[PDB]
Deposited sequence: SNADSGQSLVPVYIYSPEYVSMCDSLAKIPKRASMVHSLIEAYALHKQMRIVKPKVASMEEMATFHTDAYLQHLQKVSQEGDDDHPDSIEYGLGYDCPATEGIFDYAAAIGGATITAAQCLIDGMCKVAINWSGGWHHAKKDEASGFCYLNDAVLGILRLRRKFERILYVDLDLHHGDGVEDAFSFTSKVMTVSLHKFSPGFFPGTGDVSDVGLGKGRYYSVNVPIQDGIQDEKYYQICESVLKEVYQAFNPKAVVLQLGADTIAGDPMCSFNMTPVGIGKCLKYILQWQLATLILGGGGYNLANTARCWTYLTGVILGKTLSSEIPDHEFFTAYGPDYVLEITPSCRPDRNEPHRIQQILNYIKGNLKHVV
């Protein structure tokens, strides 16, 4: 009944090695521990994914190439996803952790299982993309489908959850919902509100394009409106929730103007459904703020209010100069015009009935 927390020292050390987010996994874990939240969770060591498990989504040829590059030094590698030594073992660890979380849920060990180091939502069956070499979210959804008939995937990262959406574009058994920045030239370029899925999957992809500067109140109003409609229309049996913290004020992506409180309200709205829920991280490039966000959201999962004062711990100096948990929104414009948001929400509302 207690939430599962996917963690081991070797897993955190592996995750600390991704160059866009050095030490982020240790920062997240050590802040969670500084707030004593691990004592309220069941710690489960992640398994490493086998190539057989990875091949439930990724192609045989992509997995051969990933292994080759990982040993030696095409398929989306080189720029955002450099072809570097060890990438296959890193992929296998992250994929394995999300699979392990899903297995805990299908086994009934818990109703919430947390892998903050997962959420690599851009990777495609045969292409690395957007820092993502393996789509652990897809692998977790596929594992949940062993026991749960309909899976709802909700993606609150700043970026469109394109790889997950594409994986399930043609099916009605998985519904994907992404809220994201959508603007010319902004990665990955997809996910306008008219992106609804294909074939029998038509209307089983939902996309909410949002502009710079959104704040907690409006974001929650949007998310709540969409999720209420999705729940009633789709009746999910399990949820996979990607909580990339690159929406939070102070992120180098410098787009949205959110705080963890607003994301937390979205999370609580989903938790009220009392379904098996797999919690993932994702983006989040202000490392201390990402740790603040995911620690706060762990508290939300546990029903716990945390002290504003960051407890002393190994990474204390990263939390200066304020050393508090709350994040102050920046002073920038909210570029979301009310009547454009109305148009977006009304379109989605009609598509879901």
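Chemist: When the deposited sequence is counted from residue 1, which ranges lack any model?
Modeler: Coordinates drop out over 1-8, 82-89, 370-372.
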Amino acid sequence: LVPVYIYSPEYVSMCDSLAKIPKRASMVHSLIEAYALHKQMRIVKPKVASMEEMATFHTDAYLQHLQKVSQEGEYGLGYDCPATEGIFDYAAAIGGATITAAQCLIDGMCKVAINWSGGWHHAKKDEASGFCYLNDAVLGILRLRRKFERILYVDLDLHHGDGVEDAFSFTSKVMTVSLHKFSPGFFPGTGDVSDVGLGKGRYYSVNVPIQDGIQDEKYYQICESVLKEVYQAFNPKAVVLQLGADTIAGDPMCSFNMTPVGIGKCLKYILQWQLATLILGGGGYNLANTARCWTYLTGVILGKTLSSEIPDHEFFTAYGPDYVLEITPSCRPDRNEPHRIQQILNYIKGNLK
From here on, numbers count along this sequence of modelled residues.
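Chemist: Where do the C-alpha atoms have the higher mean temperature factor in this entry, in 76-84 or in 272-280?
Modeler: Per the PDB record, 76-84.
Chemist: Tell me which stretch, 217-225 or 240-248, has the higher mean Cα B-factor listed in the entry.
Modeler: So the stretch with the higher mean C-alpha B-factor is 217-225.
Chemist: When the CA B-factors of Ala288, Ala55, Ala61, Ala36 are compared as recorded in the entry, which is the largest?
Modeler: Among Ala288, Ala55, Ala61, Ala36, the PDB entry lists the largest C-alpha B-factor for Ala36.
Chemist: Can you pull the Cα B-factors for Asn135, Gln71, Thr259, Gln211 from the entry and say which is highest?
Modeler: Largest recorded C-alpha B-factor: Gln71.
Chemist: Name the third of the chain's ranked CA B-factors that contains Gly161, choosing lowest, middle or highest.
Modeler: It belongs to the lowest third of the chain when residues are ordered by C-alpha B-factor.
Chemist: Where does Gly130 sit by CA temperature factor within its chain: lowest, middle or highest third?
Modeler: Answer is lowest: the recorded C-alpha B-factor places it there.
Chemist: Mind checking which third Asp155 falls in for C-alpha B-factor across the chain?
Modeler: Lowest third, going by the recorded CA B-factors of the chain.
Chemist: Within this chain, which third does the Cα B-factor at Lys20 fall in: lowest, middle or highest?
Modeler: Top third by C-alpha B-factor.
Chemist: According to the PDB entry, is the CA B factor of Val44 in the bottom, middle or top third of its chain, that is, lowest, middle or highest?
Modeler: For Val44, the deposited C-alpha B-factor lands in the highest third.
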